[PDB]
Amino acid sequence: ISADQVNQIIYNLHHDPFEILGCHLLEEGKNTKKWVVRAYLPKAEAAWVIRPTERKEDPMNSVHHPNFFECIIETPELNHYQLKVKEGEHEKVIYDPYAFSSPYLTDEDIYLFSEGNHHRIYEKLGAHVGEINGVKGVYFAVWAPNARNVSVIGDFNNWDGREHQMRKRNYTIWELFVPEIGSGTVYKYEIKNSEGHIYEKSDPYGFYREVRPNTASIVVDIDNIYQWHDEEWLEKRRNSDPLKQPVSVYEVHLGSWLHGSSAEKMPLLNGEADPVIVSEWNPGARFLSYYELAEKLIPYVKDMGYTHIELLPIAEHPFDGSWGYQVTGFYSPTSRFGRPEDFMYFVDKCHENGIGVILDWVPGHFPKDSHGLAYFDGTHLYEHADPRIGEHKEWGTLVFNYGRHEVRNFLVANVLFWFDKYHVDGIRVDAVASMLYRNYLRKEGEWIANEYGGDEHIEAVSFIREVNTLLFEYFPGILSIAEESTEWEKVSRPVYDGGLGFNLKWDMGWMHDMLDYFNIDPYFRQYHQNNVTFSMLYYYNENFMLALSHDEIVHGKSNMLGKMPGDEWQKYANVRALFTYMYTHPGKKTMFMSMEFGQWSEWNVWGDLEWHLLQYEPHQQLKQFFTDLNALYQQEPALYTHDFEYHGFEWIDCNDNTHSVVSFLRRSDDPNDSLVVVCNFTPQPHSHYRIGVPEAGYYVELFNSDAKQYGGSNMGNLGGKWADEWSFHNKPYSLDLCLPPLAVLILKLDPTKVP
């Protein structure tokens, strides 16, 4: 480029910056092409072009001006890249602001979509504010290749589509530009099928939706509604290995954490809306907005000391009672809680408070509702046509045709959409088995094998591996968590090693062993010591997340306190012992709302949590227990740096089944960060109980779950204990401890203590 062209950009004299900024073809070679990417980045000192799908990164050079950059790259196609932009000591990674010079679909967009590889398809499909032929308006586009006709119906034309019939392109996608309408427009697509039957559809790529049970899509100017402040969080994420950090997740269903009064409006970020009543049966209550949740949930979480909030599905879903697991509006956060920008504010405020956001994401199925994706164009479009692989009959839902390019593209781009537009830090996928097996919940003679004779759902396995490959390339440092309950191997291992590419898997076996164990009367736990120790045998085959989830405190399973045997003191003590053990056992942590304060009743998705219990001491004390435990977990490197390496854990002894006692070491990089953990899983205290330790010195009591401030009886070792030169558990030193009842001790050698 010339200096004159540069200066025209710098001084805002150029007639159209898209002619020189962004990605431009310089020449075609025999097997490759030569491209240039240019950027004007005021205040940046340096920039790079990242091609994350090819695993490449190229520096950009300043050209004529220190903030004007060019980068010349040879590659057959340059569809997928990001700009890394350094301003002083800070780096951000963004998409190229000059990537798309028109709102309409190009030939290239249609080709990439037809092949399933348009990672940014949601920039063109759906509804977008823009300018065509010199006039501002909205461009709509929808994939419906077998429809006979499609029109746009909405508020602007009183729901009559005759003067807004769309144009079909390349036998696949319908489009229309509508002048002089903008964000806030309410609409649907009116589709006529090959039979001549006419029906109404919500926008599959819609960005906002009326409040259930109304289903019209609403236009959002999604890049001009919210100003983020989380660059430093995102930079630290991208540069960190979350597997080596503390990950303590508070799992939350937004509709049922806390309700407000329906006698007032729902406040929004600088505005308000009518209340959304929780149900016809509880008409005095309304949901809290994303804005109100940012003001209340976030400081509550921060004060408890969790690192992450995990949300039950917030994608738009028509029925409260699915808990969000039956989604129909994949590209929009549910309007129950307000607007897209209110959810953006929630996430930005999490990041300001040093809290990450994980979204439950639901790629496995979708319900039959007529506004949604089902039979979209008068054919089986999103779902597979054969019910043996296209329906989950026990659930009444439809299964995406993962092999169909544009379907795969809908879902792959959807995952990326949440990280791009809403800055989230991770996803969790429920019931992964439901996608992986062609015989899932199907009887003999009601399913068919894959092409090689097996039960593996090949197309699903390939989709999952693609999701995870792309997610980690585009957004390094995120969490991708699976629950897979069969024995599928390598779930949380890299795709290059034959894995599915998640980085964490819920340890459902551990969960069952623990909750079954603790439900046993303590005298009988001696016959089930193996529940305590078993999960450590297979532990190193995956990266495990230890989750005690929402699913465990419904349908007659009781809440945590009610699972435990004995009187009220023992029930609390069991909950403290279990969770202290969970937090010291190797693996990341997840627990569900209500568990941190000892709610007695089961989670009820139709009300909110029993917050009035926090007026009473035993609940307050358990909440303080969790507050202090989370603080300890973040303060002790041996609880999180080496979760997934042999070095991080070793049993000291687990042979004392008749007293239900176990003990072990946790380790980190520094040997002085080593911890000794001792567990007593009956209410019988022990007074001179020997435990082997590897070195001399004073072992400080960092934590004792029987402390009186946690509701315990206040037995313990009075702050710490000197080890004896008395060999035990095959170690050269030993501690002579008092083991409090139904309690866990965490001890740490202080090598500077004065004898």
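The numbering used is simple: start at 1 and walk along the sequence shown.
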On mean C-alpha B-factor from the PDB entry, just flag whether 409-417 or 90-98 is the higher one.
90-98
Looking at the deposited entry, does 177-185 or 117-125 carry the larger mean Cα B-factor?
177-185
Scanning 618, 685, 477, 284 for peak Cα temperature factor in the entry gives 685
Based on the PDB record, which member of 162, 465, 525, 84 exhibits the highest Cα temperature factor?
162
Residue 57 - Cα temperature factor, lowest/middle/highest third of chain:
lowest
Among the modelled residues of its chain, does the C-alpha B-factor of residue 68 lie in the lowest, middle or highest third?
middle
Could you look up the Cα B-factor of residue 264 in the entry and say which third of the chain it sits in: lowest, middle or highest?
highest
Residue 529: which third of its chain by C-alpha temperature factor?
middle
Which third of the chain holds residue 36 when residues are ordered by C-alpha B factor: lowest, middle or highest?
middle
